[PDB]
Amino acid sequence: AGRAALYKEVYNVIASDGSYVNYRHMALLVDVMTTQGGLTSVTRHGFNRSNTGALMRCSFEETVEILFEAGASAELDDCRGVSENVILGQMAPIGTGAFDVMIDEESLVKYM
Amino acid sequence: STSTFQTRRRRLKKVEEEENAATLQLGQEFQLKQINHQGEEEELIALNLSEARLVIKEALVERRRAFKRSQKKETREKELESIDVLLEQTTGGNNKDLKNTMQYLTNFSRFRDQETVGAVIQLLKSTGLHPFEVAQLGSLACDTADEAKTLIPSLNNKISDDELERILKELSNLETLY
Amino acid sequence: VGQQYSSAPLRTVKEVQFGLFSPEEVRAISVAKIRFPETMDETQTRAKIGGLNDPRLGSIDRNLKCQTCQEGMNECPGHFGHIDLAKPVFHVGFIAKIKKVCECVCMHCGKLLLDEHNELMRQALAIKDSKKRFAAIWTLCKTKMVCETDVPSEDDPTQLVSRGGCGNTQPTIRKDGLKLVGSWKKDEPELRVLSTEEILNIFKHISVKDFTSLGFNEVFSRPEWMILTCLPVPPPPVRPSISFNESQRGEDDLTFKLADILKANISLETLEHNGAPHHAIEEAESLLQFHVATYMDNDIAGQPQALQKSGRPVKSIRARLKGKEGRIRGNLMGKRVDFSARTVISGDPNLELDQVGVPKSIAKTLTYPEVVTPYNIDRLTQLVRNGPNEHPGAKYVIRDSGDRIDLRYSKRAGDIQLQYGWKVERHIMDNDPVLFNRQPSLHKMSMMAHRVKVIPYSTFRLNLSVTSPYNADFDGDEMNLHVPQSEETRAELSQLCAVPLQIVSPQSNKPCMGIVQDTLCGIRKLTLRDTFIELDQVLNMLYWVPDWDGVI
Amino acid sequence: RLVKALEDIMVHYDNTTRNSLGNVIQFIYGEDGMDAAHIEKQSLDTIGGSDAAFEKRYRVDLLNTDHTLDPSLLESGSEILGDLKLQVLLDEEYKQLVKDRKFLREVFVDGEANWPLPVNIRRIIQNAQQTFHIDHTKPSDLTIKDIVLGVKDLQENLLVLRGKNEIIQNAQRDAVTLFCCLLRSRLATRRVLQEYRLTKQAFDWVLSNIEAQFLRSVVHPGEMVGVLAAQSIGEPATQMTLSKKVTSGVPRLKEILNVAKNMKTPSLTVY
Amino acid sequence: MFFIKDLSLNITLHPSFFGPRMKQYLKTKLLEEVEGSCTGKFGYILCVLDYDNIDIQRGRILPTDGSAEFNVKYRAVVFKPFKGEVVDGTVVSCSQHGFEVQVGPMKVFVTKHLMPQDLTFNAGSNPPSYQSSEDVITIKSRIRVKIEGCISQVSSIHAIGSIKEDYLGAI
Amino acid sequence: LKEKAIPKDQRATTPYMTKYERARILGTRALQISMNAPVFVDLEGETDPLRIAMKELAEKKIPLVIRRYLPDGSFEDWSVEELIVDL
Amino acid sequence: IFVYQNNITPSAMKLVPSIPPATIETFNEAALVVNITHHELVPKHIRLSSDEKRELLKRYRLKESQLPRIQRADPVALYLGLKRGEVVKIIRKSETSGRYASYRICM
Amino acid sequence: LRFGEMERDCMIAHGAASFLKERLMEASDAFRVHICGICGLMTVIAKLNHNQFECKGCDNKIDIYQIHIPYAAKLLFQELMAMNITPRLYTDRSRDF
DNA sequence: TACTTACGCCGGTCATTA
DNA sequence: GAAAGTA
RNA sequence: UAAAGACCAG
Ligand SMILES: [Mg+2]
Ligand SMILES: [Zn+2]
Ligand SMILES: [Zn+2]
Ligand SMILES: [Zn+2]
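Structure determination for this entry is recorded as X-ray crystallography, at 3.4 Å resolution.

Draft legend 1. Summary view of the interface of chain H and chain C. The interface of chain H with chain C comprises 71 residues on the first partner and 87 residues on the second. Both faces considered, chain H and chain C share a buried interface measuring about 7200 Å² in area, 58% of it formed by carbon and sulfur atoms. When the buried area of chain H at its contact with chain C is split by residue, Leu1, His14 and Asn84 of chain H rank highest and sum to 11% of it. The partner of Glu5 of chain H in a salt bridge is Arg329 of chain C, with the nearest N and O atoms 3.3 Å apart. Our count for the chain H to chain C interface comes out at 48 residue pairs in polar contact.

Draft legend 2. Representation of the domain arrangement of chain B. Residues and elements named next belong to chain B. Along its sequence, chain B is carved into domain 1 (1-46) and domain 2 (47-71 + 75-178). When each unit is reduced to the centre of its C-alpha atoms, the spacing between domain 1 and domain 2 is 24 Å. At the interface, 8 residues of domain 1 touch 11 residues of domain 2. Buried area between domain 1 and domain 2, summed over both chains or domains, comes out near 720 Å², and the portion from carbon and sulfur atoms is 76%.

Draft legend 3. The protein's contact with RNA strand K, seen in detail. Residues and elements named next belong to chain C. Near RNA strand K the following residues occur: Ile242, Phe244, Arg312, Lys315, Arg438, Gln439, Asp473, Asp475 and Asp477. A distance of 2.8 Å separates a sugar or linking oxygen of RNA strand K from a polar atom in the side chain of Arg312. Of the residues belonging to the surface near RNA strand K, the class tally is 2 nonpolar, 1 polar and 6 charged.

Draft legend 4. How the structure looks around the coordination of the zinc ion (ligand 4). Residue and element names in this part refer to chain H. Only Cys36 (SG), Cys39 (SG), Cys55 (SG) and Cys58 (SG) from the protein coordinate the zinc ion (ligand 4), and they sit 2.2 to 2.5 Å from it. For the zinc ion (ligand 4), the 4 donor atoms in the first shell make angles of 77 to 160° at the metal, so the coordination geometry reads as irregular. Linear spacing of the donor residues for the zinc ion (ligand 4) on their chain is C-x2-C-x15-C-x2-C.

Draft legend 5. Main features of the arrangement of the chains. Ranking the 21 pairs of chains in contact by contact count places chains C and H at the top. At no point do chain B and chain F touch; the closest pair of C-alpha atoms across them sits 10 Å apart. There is no contact between chain B and chain G; across them, the least C-alpha separation is 24 Å.

Definitions and limits used
Residues numbered from 1 in each chain as written, not as in the entry; some residues may be left out. Chains lettered and ligands numbered in written order. Part of a larger assembly, values for the part shown. Heavy atoms only, no water. Residues with missing side-chain atoms left out of burial classes, pairs and counts. Contact = heavy atoms within 4.5 Å. Buried area = accessible area lost by both parts, 1.4 Å probe. Salt bridge = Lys/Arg side-chain N within 4 Å of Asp/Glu carboxyl O. Polar contact = N/O pair within 3.5 Å; in protein donor to acceptor, adjacent residues only side chain to side chain. Domains from an automatic or database assignment. Near = heavy atom within 4 Å. Nonpolar A, V, L, I, M, F, W, Y, C, P; charged D, E, K, R; others polar. Donors = N, O, S within 2.8 Å, 3.2 Å for Na, K, Ca; no water. Tetrahedral: all angles 85-135°; square planar, octahedral: opposite > 155°, others 65-115°.

Right, dumping it as structure tokens:
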């Protein structure tokens, strides 16, 4: 029910203004604030304090303590996050990168 | 470099590479338990000379064959001749290694017939010794059980002197003449 | 990038394994000892003393030297060095943890304060979550202030079971600047400052299984490591100097703070080897901790900003990464880039929706590396001859042999016989897809791909209906343009972010571009029943429509 | 924050919407798997109106002289009157349409009948019509089965998820529930004949598009919906030129996103 | 000793070679890069086996440039030497410091001091020799050696061997 | 593991090629033709790689395979051929 | 299920996790005056057999951490007396699709 | 000009994966350091020339790779090191999943 | 129960400096 | 300067 | 070349 209100509410701030937002955007927000169990906030206190990798997290609010608390509890960032790859300068797993591209040698002869 | 079928996760502490000796302690990349191309345990493949003379020869030949399907659209002193040709027709030519190995192999092979070389194998194989030994025993001409157990220390308590003495006898026979 | 071939296999990074540096590693990895606090002058002679910055570390001078490595300035990354502190010191960042870890383990013996024997503890010890677990284990152990010898087993509370033992009451520790002070109690308290050596040692004795329980790691980060012993010296590339000609200084901020740490260090040691008026040596030790603490974080609670003679606070390393304008957020999440251009915009009712008029001046600067293919050898050769100053032209030829011919000087510019596989950096030409954008960029739409149309005059010309999306007027707004440099990059621009593609937006399931100003106010009138058009005109109005089937 | 908070969320190759941990944030993107840019505000007729009017529209009684498809509308008019087997399907239909009407009034308690859904079915038909030059004068040549069975069959093709197992399959039926009510709403035997004089050809066409069009509307695995939503909410917060008195606008959203405790206006409504 | 080891290389092909007979170009590259190679990890790579079935697998198209990256799995015949491996070969070089015996692709060196003493060096002879109460060792002479130690060097492996123990020496 | 390569049938993704897969195939393919890679169509006039690329895709003569990752690491392969190119 | 009127002693409520397997719940009368599950906003939940659950995870290739979580002390979680691990299936009406499947695992 | 944070978020929105990597790398930083296959450090004393590689301290010369990361990051790393923190970079994964 | 801590929207020119 | 999370 | 500051554009 919480999630129900949290949305009704966000929806009404954009409603008063007289603008429109397709339900999905507000929803995806509202659901994120909700999955973990309660009311994680879009705050240095809530969201950025999860399991997402060090490098990601450190690119918002507490940059250095996050990197320290990291080498100290020897975390491991697997790099599934956009930010991880941006920092590393590699193609992130986004749209054009959500998949790989293979040369099929077989079909490369069917054609000739 | 060329990655081999074993992925030991080297987490920082990279230090423990033991002494490589015929205590049968060979590299990690040479244990009894190997892992096959298709991911299945396969026991170490050790070759005694001559047997490796055939292996190489065979492939070097089979290769020359396919090399022409695409071009569509005996006697010691004599083989060092016949082989030196096959090489210059299926090898990089600069492979001084393969050339040398082929000569060495040809000049020191103890069995020249894929049949004889199979006998040797069957014979030895019943011992249960480790591939390294079964290979050495095969490529080192030994008379007394002592000469053997001395050049192949790994043995010593693995097979009786008489037993190993029998096998050594059987080998001197199969020992293709020249 | 990096340049010059390397036989080394090239892979991508898949995992970042964070951890702390063990003093024994630093020594290993180091390539220079570093004893002297000076920088150079082998007795005023300009070079570099085997003391600080390059006693074999990186380099300076566009002087290939660098312990064989050579390569020179660009290519040689840094080479770390070390500096054997004279006494163990904290690490500003971990003072909080060191404190809390002590409160969790008893001193003198070095063992947890709540075995599996205690219940509530067990609960915590089960908590899989390095961080939340240590979090709990503490709340339980901070309170426990005696290294019990025997605890009533999980049976009868009368017979007490044996565990480790050493009653030694545990001192309630507290923080004073960069020191941890504890007050024991037995029978008034007994106040004494816990030494680094002291705490470092307790830790060195904390059981491997006990780190772990307390969110640590046997291989990558044991508590004892939060106490610096051997200090890693970052190489020139990290703290480059500034050479104004020959006879002039230039040392970086960090290079000074190391010299300080090095000085304050030499000081101490030479005291423990001489008249050691003990409780006066400790006067000099606190100093070392001040710098080694300050060199990292220099915005601590106990104020003393550690100012550089000139009032300036001295950029702590931490300072360098703190968000916005700072490394992570200013140099990686976003950065200044090449192949970009910006200038005043102005509407033009004669450009198709998806084009963008580009001033020739700008088209002659931004280029695109096209590769000599039989498909274009001819064209490209034409552009090259054409030179870098005429428009339809180019300004750089690059042969396989990594080396670029500067078409505006190479004594052979008029010459040059291209070669398949070669690369010609040519001028932006009509239709090169480009990224056009106006800030603040809060829309996918604030950045869209356009077709280039080189035109005269100095303004970016853009179609009106595309106005809103960017949210631009022509009262002086400027807009920036980015030219994709690779064949697939453009493909990504043209196939995914072209203006036409962005017309109907998810933002609110409706089009985000319509007809405006003149055309709008005017389309109404044209429409009104009253409004009739007579032949002479109608004929023009018809001709203007570029598609018209030519059927009055 | 909205952005940094959702960066890593995108629709994966399985239609699930996960973050950079593989944690599910929505099982199917937007509760329907449809891409926002492919949706228009259509109206679910069934919802409103009097039970009376609803009947006069969707009801077809082949067993009643006064309530059958007049033989003018259909070509198999007279020979269908009184067919007990056809009136079995023709019922099944009306009993579903009514089911829907209930279900919609359940979902949209309000009665509000205009909601954005993929495939603009009205236009698809508008074209059908003056594409084939259909004259509201002649009789169609649709079997009562043609209509009923086609529509029933079409739905089998509006695929959002493609698992070959029961869990997924249920998921599939769910994600399509509302679209279908819309579909049956507009492809009811009475309508397809009395309203839009669709001919067998036209019908076979409309059906074909609705399908393609639908399929095109499904979201593409890749779509970084995270940032998209962040910006879609964030952007209009910038355009906010700021019982009635209650915190509102920017200051209010700031309240919400922060999940702040004490709020300026903490009212509560009792019915 | 001599083994048959299952290995694997990784070749990056330019897009130019995205021909109809690509597999053939890959296989040939493999051969250039492996046959004759030498590591300490695997030893001397000598002959790639079973040519006709060298597994090619699908290549990954590298993102920035258009090359494809292939992980070629082959199987070859290698020769890694060890301490205590008794092996016999032919002498090649011979000086006042000892003689160099050639075993396979490799070379084992015998130190005058790892030979029995009775066996002394003879400079005044040609080709230079080492003689004993009954033996005589020179360039051509076959010898059975005992490898005391190896030293992996760039593109090769060397070792030092003795013939002072029993059953070693000339044959 | 490759215990992760979901067998051909049992594949459950989309029959259709996503916008990115196509944007990315056309780009990659251009990038290769642009590099003197062998072309698989009659470049009837054509001289621009993206143009050529589009043509190849049109006659489904692009020898590439899209490897689609599922959040767990398992993956399904699809041929630029199989893939329905509505888009 | 023990329904107390005003409250129990921390002494008493400290003898609950004492008779395993059997479990014990405790509700305050005031908390039950109104059934919350009858609320406009509260969607119907559903416990899943450890089979129904193991399936769910198979058909979405999930681990447990990748599932939306419900709190042990969650009002409805109590109503159904959930347990750490038990998965609930929430079914709510959608303005986008009519019905929406949603799972929540327990904390 | 600055392709800043917000501009980055847009390319992400578009799903223009490559173009993003292009701005950040080819069109700005992009450096080529050599990593050690054991410790994820940037220690490799590579002398691309005499083909020698080495990593005394880990004692290597064999397990070594090269990578392409934005120089600004090469800095970030050497800096986390100066602060005694180790950002080990690894070419393959372990944790699986 | 009172004390401690992170943070802040997204290009251009001129002046001065231990 | 305001608001939220520890000794 | 690098800081810190003032002023100013949309
Ligand atoms: Mg303006
Ligand atoms: Zn160097
Ligand atoms: Zn103790
Ligand atoms: Zn190393």
